[PDB]
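Structure first, then comments.
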RNA sequence: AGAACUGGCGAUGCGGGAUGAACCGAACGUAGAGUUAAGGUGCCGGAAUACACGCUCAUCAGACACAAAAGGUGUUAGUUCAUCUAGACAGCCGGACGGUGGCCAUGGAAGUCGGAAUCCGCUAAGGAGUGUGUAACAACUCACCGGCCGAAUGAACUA
RNA sequence: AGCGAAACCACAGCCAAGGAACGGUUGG
RNA sequence: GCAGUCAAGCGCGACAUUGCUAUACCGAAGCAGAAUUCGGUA
């Protein structure tokens, strides 16, 4: 537990091989997941209120 | 529903550029059509500031053709449509500058490989590559690579071993209303 | 079956105002009585004339000039629904004005749930040339050499049992 | 509503396409690939013996989606038959070496005694990198996905731990 | 909760409504033939698995006015504007600059750890900078244009 | 082994929805 | 709750906003390991 160990390890070795592609795919899928949640799901009312506030 | 979920200039800028091109055509002593390829902006600005008697008139190719005249009947000036199919300096001087001007730029070249410059200089002079760009070397560059990916790799390493020279296809005379063949590279 | 009627009224002319404006309009209705009622309603709404001082000068039926000619009809419709009233424009490729207005009424009752009670036919006009149509679904039938099949025809059966295993080929 | 929407598929001289009821077959230098599309409800035509049309009549956006994806699937099959597809994965480990033996078995992954096995549906060839090649894109791609998905670092920090096998390169065999 | 006026009930059978006090028609001698109301026409249930135009896949639809203001990359139709053969949206390539590393802040921060203005020169196009990133440079970038591209596209609203 | 009642008795004990907690027509 | 700015729309009115008064399996966290927290299935 030093001042910065995870960051040091990442700099020395790097992130995961598919981290960028996986993150981009997750971001793309979030668009469809938002619609699925809106059409699905108390929880549904809260999600609708949050979306309206956004 | 279910769609693909500074400000733009607009047609006013196009009209203004068309009017400016017409004014340049009817004012400047000489008119040139620079079929320049990809150019680093400093090169364009260096050419512009080389002489104060010329203006680098540019724009959309179709827009410029319309100003020059896409048809014989629509020509702004006599025989101007032939050029379509902006300097007050001496024609000989301008053509000599075009034929002699050359600038460094990023294929027949061979590159052998890491460091920022790509190993073209000793290790002590060179600097190690920034680790933040490591994913680029694999995802895009897939990594000797030379004997578009090659150009991108060369640009990343900053190896400006190539050169560029301005090329012109034709030149138009204002008062004479004629086109002279001056194909140079 | 709808029908086209022409109705004119001049509000029972009185002293100092002979032959008033003589409002004229075309009304689509299934019978003369409905046409007269719709004309009265339109006069009351758009104009200040009511049946109390109104008068039906004459009612006539208009027959389409070319009942066998295909036309593209542009219709301006103002209709009322649960929300506020608003204007509407639609294009119909039909043969006669009566058929076009009937199809428009059917579509309004189907899509917008608007029925004959709250639908007004402002104007019906014919689109002469192509490229004046502003609706893609109408431009669909204007393509040169238009050929298409009719897959999966719904053949009708006159008997409960059929020893053939019918095929829907066309 | 669209009266008729069609998509075009090219037929190179090196391949032959025989089309019957929706089942589709492709023959070429690398072999033969066949697929079933009886659930896609599209029609095919032989316009000039060199181009194949897929069209849908009186089909909306829902049907237009399948109409367009038919062209993509046929193009993928043709490309695989003509040239094939190649997939590669990288071996990364910090302390425990990873040993892989061909069914493909993964041993000594993160010091796990259990040997993870991924059935082979596609060929295996060889740096510390695997090479997978097969006529069918789906088979090789699914095999690579299964290989990547068996090395799950459960109850561990995702960023800190990088051990596993992941897809690295894609391309044609040629 | 208590009052004022007004239509059915109550003294009332029949058809329809899974049954029915606040629902529709119809208010009654015993019979034959015929025509209808409400209500119905896939079976139970006597009557068309009728026609025509559109709509909806609902993982607890639908065929019964409060919780209903809004949400959905679900679908079918309309209204107001912007771009548009002076080249529509989209996808790739290129340019994406000079004072400059603006001023202050400095252990190093150069557009992107922070505070306050946002300029000229320009060029078809540069926010003294929309983001990723390094203790700082480095590298990519969108907005802004050009090139390869080829017709309608985009933003907001109504059913 | 023999003799031998009484309380009570309109109708009665397999259940699901709703007909003023009324409960005693569509199904299992 | 009280009082003020709001303002898509219809003097009323939207999201913000100013003073008091069990087990098991998955996704995220600066998860270095363990431990732990938040969400989902049940």
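Just so you know, all these numbers are worked out from the coordinates, no wet-lab data involved. Please note: Cβ atoms are built from the backbone with ideal geometry, for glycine as well, and neighbour counts cover all protein chains shown.
Structure data summary
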item: Solution diffusion estimate, µm²/s, Stokes-Einstein, chain A, Kirkwood Rh from C-alpha pairs, 4 °C, viscosity 1.567 mPa s; result: 91
item: Distance in nm between pseudo-label sites at residue A:4 and residue C:14 (7 Å out along the Cβ direction from Cα); result: 9.4
item: For region D:1-84, projected area of the alpha-carbon convex hull averaged over all directions, nm²; result: 5.0
item: Extension gain (nm, one decimal) between residue C:145 and residue C:31, 0.36 nm per residue minus Cα-Cα; result: 37.0 nm
item: Peptide-level mean, for D:146-154, of C-beta atoms on other protein chains within 10 Å; result: 0
item: Part-to-part distance (alpha-carbon centres) for region C:133-170 and region A:18-35, which is given in Å; result: 42
item: Stokes-Einstein diffusion coefficient of region D:85-174, Kirkwood radius over Cα pairs, 37 °C, 0.692 mPa s, in µm²/s; result: 242
item: Sites residue B:37 and residue B:79, calculated FRET efficiency, Cβ-Cβ separation with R0 30 Å, nearest 0.05; result: 0.65
item: For A:17-28, mean number of other protein chain Cβ atoms within 10 Å; result: 3
item: Modelled FRET efficiency - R0 35 Å, residue D:156 with residue D:36, Cβ distances, 0.05 increments; result: 0.25
item: Debye log10 I(q)/I(0) for region C:75-116, one point scatterer per Cα, at q = 0.21, 0.24, 0.26 Å⁻¹; result: -0.66, -0.83, -0.95
item: Global form of region B:7-46, assessed from the alpha-carbon gyration tensor, a/c cut-off 1.5; result: oblate
item: Rounded if a/c under 1.5, otherwise prolate or oblate - chain C, Cα gyration tensor axes; result: prolate
item: Contact order relative to length of region C:9-107, as percent, for alpha carbon pairs under 8 angstrom and 6 or more apart; result: 22
item: Relative contact order (%) - criterion: Cα under 8 Å, at least six apart; region: region C:1-67; result: 45
item: FRET E, pair residue D:22, residue B:117, Förster distance 51 Å, beta-carbon r, rounded to 0.05; result: 0.30
item: Shape category assigned to the protein assembly as shown from the gyration tensor of Cα positions, a/c cut at 1.5; result: oblate
item: Taking chain C and dividing mean pair separation by its residue count, relative contact order in percent (alpha carbons under 8 Å, at least six apart); result: 19
item: Listed peptides C:142-149, B:36-43, C:112-119 by packing density, highest first (mean Cβ within 10 Å); result: C:112-119, B:36-43, C:142-149
item: Mean residue ellipticity (222 nm) of the protein assembly as shown, computed from DSSP H runs ≥ 4 via -39,500 (n - 2.57), nearest 500; result: -9000 deg cm²/dmol
item: Cβ neighbours within 10 Å from other chains - mean over D:158-164; result: 4
item: Protection-proxy order for peptides B:174-183, B:71-80, C:101-110, each taking the mean of Cβ atoms within 10 Å per residue, highest first; result: C:101-110, B:71-80, B:174-183
